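Inspection log for the structure reproduced underneath, given as structure tokens.
Just so it is clear, none of the values below were taken in a lab; they were calculated from the coordinates. Please note: Cβ atoms are built from the backbone with ideal geometry, for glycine as well, and neighbour counts cover all protein chains shown.
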Amino acid sequence: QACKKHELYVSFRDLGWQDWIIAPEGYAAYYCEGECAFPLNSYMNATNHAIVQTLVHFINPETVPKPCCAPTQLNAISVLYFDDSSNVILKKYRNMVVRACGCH
Amino acid sequence: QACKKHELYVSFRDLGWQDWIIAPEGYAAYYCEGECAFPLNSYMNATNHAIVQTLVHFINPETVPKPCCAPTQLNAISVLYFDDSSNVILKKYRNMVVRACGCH
Amino acid sequence: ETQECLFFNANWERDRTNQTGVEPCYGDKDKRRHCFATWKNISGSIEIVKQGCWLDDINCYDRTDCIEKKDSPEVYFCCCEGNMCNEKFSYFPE
Amino acid sequence: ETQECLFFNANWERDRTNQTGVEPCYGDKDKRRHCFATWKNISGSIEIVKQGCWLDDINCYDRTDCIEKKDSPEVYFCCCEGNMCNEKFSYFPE
Ligand SMILES: *[C@@H]1O[C@H](CO)[C@@H](O[C@@H]2O[C@H](CO)[C@@H](O[C@@H]3O[C@H](CO[C@H]4O[C@H](CO)[C@@H](O)[C@H](O)[C@@H]4O)[C@@H](O[C@@H]4O[C@H](CO)[C@@H](O)[C@H](O)[C@@H]4O)[C@H](O[C@H]4O[C@H](CO)[C@@H](O)[C@H](O)[C@@H]4O)[C@@H]3O)[C@H](O)[C@H]2NC(C)=O)[C@H](O)[C@H]1NC(C)=O
Ligand SMILES: *[C@@H]1O[C@H](CO)[C@@H](O[C@@H]2O[C@H](CO)[C@@H](O[C@@H]3O[C@H](CO[C@H]4O[C@H](CO)[C@@H](O)[C@H](O)[C@@H]4O)[C@@H](O[C@@H]4O[C@H](CO)[C@@H](O)[C@H](O)[C@@H]4O)[C@H](O[C@H]4O[C@H](CO)[C@@H](O)[C@H](O)[C@@H]4O)[C@@H]3O)[C@H](O)[C@H]2NC(C)=O)[C@H](O)[C@H]1NC(C)=O
Ligand SMILES: *[C@@H]1O[C@H](CO)[C@@H](O)[C@H](O)[C@H]1NC(C)=O
Ligand SMILES: *[C@@H]1O[C@H](CO)[C@@H](O)[C@H](O)[C@H]1NC(C)=O
Ligand SMILES: *[C@H]1O[C@H](CO)[C@@H](O)[C@H](O)[C@H]1NC(C)=O
Ligand SMILES: *[C@H]1O[C@H](CO)[C@@H](O)[C@H](O)[C@H]1NC(C)=O
């Protein structure tokens, strides 16, 4: 129930991309998911904007929704893929891995 | 439907806090809200982590959910409030205003 | 727009700021800035508590004079736009 | 842990990097780092394409030798943990 990071491995095979990425085969990507509610404590890594909106909710849940649990900290991974010319290429991709979740 | 910033004014009166904050009386706070879907374009200010998770969804919506629209850019506001000793105090609060939304 | 305000700090000794001077709003076209002033009114006697720049506030949008409109406030506060607008402030209930 | 890898870049001239040397993994206890190596195997003849550090990858966790396990790959790639582990690499299908 509470907002928490959960596991999820992506596989570039499955993703369809198997012929272009050379590595890795898939990665530990993860994802957030969970309720983010009153009284929103520590370990929900929330923003003020979030606390306010949380109470706003709690008064008129009819107005703004509760905030969503979503990453606050992401890592890059590396990949090796082929280019149009079939050169081998290494590039690191920013924000692919979820390091930690929170209220937004 | 699409993820978009929407208006929301908070009022410290209503919030209950009227006797402690001296100013302002309430503020333009805003909030995100909207679907974030396939094929997630520009103006959804999404993260790679988000695009992946979006497709992951689209293959097995049974695994990870779609990402949530939530702020990517927040402003501080100032407030003036009284302290235990009733001194007047000014402090700026980080992340209270939503400047822009996106997919997370 | 507002690049600077009149700054005053009652509590300058403890806060380690100067007591007056002009404060730069660091107002650069993304977010607005205003000036403000807060003071006490002991029976027509007036003492300034604070005066400065003030992050974007939809309440003092389109305000070029500092008039406070709250009935008999414990502390008077007002903001306006426009350089040193905070220089003089006034009171006129609604 | 891994502080450095053997670095090699086939494409050093166009990329403007050196062609070899040791590359610092900038591996500091938050996220892991590994080394990797990718090379071509024209019939037992072997040419390295790239060799370097490699951001945290749950696939090369607990790996101290570089053995590639894919059948007859267009390009061979492997990673391991441990300094200069990338120094030598090997091939052994599953
Ligand atoms: C706000 O931000 C903070 C960080 O900025 C986030 O807090 C973070 O919470 C996570 C959980 O996702 C922490 O990481 C995990 O910690 C658990 C706890 O186990 C620990 O305790 C034992 C003590 O006996 C220690 O020996 C260990 O060193 C360990 O750190 C850890 O083990 C878990 O076991 C339980 C079941 O008993 C499970 O519920 C967990 O899923 C987990 O398995 C975790 O290890 C596992 O998961 C990681 C990936 O997350 C794998 O790589 C491991 O191999 C293993 O499978 C894991 O390390 C994180 O450290 C913590 N940050 C802090 C406080 O330092 C908050 O999450 C964030 N708020 C929200 C809502 O996310
Ligand atoms: C990804 O990030 C980017 C920014 O990093 C975000 O894009 C941003 O979108 C917002 C919308 O929330 C932009 O601000 C708004 O723009 C509208 C459009 O009107 C413009 O066009 C006319 C041209 O004829 C110009 O003259 C104007 O200068 C103006 O900029 C603007 O007016 C709107 O009117 C329509 C109806 O016709 C409404 O749908 C809008 O709500 C709006 O009223 C907006 O002004 C209004 O709203 C603001 C507060 O947002 C008030 O302060 C105003 O007084 C007024 O009420 C508003 O300026 C923003 O600039 C834009 N960033 C870019 C591209 O530069 C994306 O939103 C984000 N992705 C997501 C999902 O959020
Ligand atoms: C101060 O209060 C007096 C009456 O005590 C009022 O008429 C005057 O306008 C006030 N001055 C301020 C703060 O504007
Ligand atoms: C290279 O391929 C040969 C056969 O062509 C194989 O036996 C050898 O182990 C491979 N070397 C590598 C890349 O490990
Ligand atoms: C006084 O303190 C600094 C130190 O030089 C001075 O330059 C500045 O103009 C004053 N302070 C403020 C907050 O305006
Ligand atoms: C070679 O280029 C720099 C310039 O001095 C050198 O110091 C470094 O050790 C080499 N490059 C790499 C990527 O390892």
Number of positions in region A:50-104 that are assigned to a strand (DSSP E or B) and within 30 Å of A:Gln18 (Cα to Cα): 27
Which residue, of D:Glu68, D:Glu87, D:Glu47, D:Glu74, is within 11 Å of the chain's Cα centre (by Cα) and within 12 Å of chain A (Cβ to nearest Cβ)? D:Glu68
Going by the structure shown, is D:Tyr26 surrounded by fewer than 20 Cβ atoms within 10 Å (Cβ to Cβ), hydroxyl-bearing (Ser, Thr, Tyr), touching a residue at least 12 places away in the same chain (Cβ under 8 Å) and at the interface with chain A (Cβ under 10 Å from one of its Cβ atoms)? no
Say we look at region C:79-94 and pick out the residues that are of a type in the set (A, V, I, L, M, F, W, C) and crowded, with 21+ Cβ neighbours inside 10 Å; which of these is farthest from C:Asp56 (Cα to Cα)? C:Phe89
Would you mention how many residues in region C:39-79 are within 16 Å of ligand 5 (Cβ to nearest atom) and touching a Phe, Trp or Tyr at 6+ places or on another chain (Cβ under 6 Å)? 5
Selection count, region B:11-28, where residues are within 14 Å of chain C (Cβ to nearest Cβ) and surrounded by fewer than 22 Cβ atoms within 10 Å (Cβ to Cβ): 10
State whether one or more residues within region A:29-46 are touching a helix residue (DSSP H, G or I) at 6+ places or on another chain (Cβ under 9 Å) and within 14 Å of chain D (Cβ to nearest Cβ). yes
Considering only region D:56-65, state which residues are surrounded by 14 or more Cβ atoms within 10 Å (Cβ to Cβ) and over 11 Å from the mean Cα position of the chain (by Cα). D:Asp56, D:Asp57, D:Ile58, D:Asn59, D:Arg63
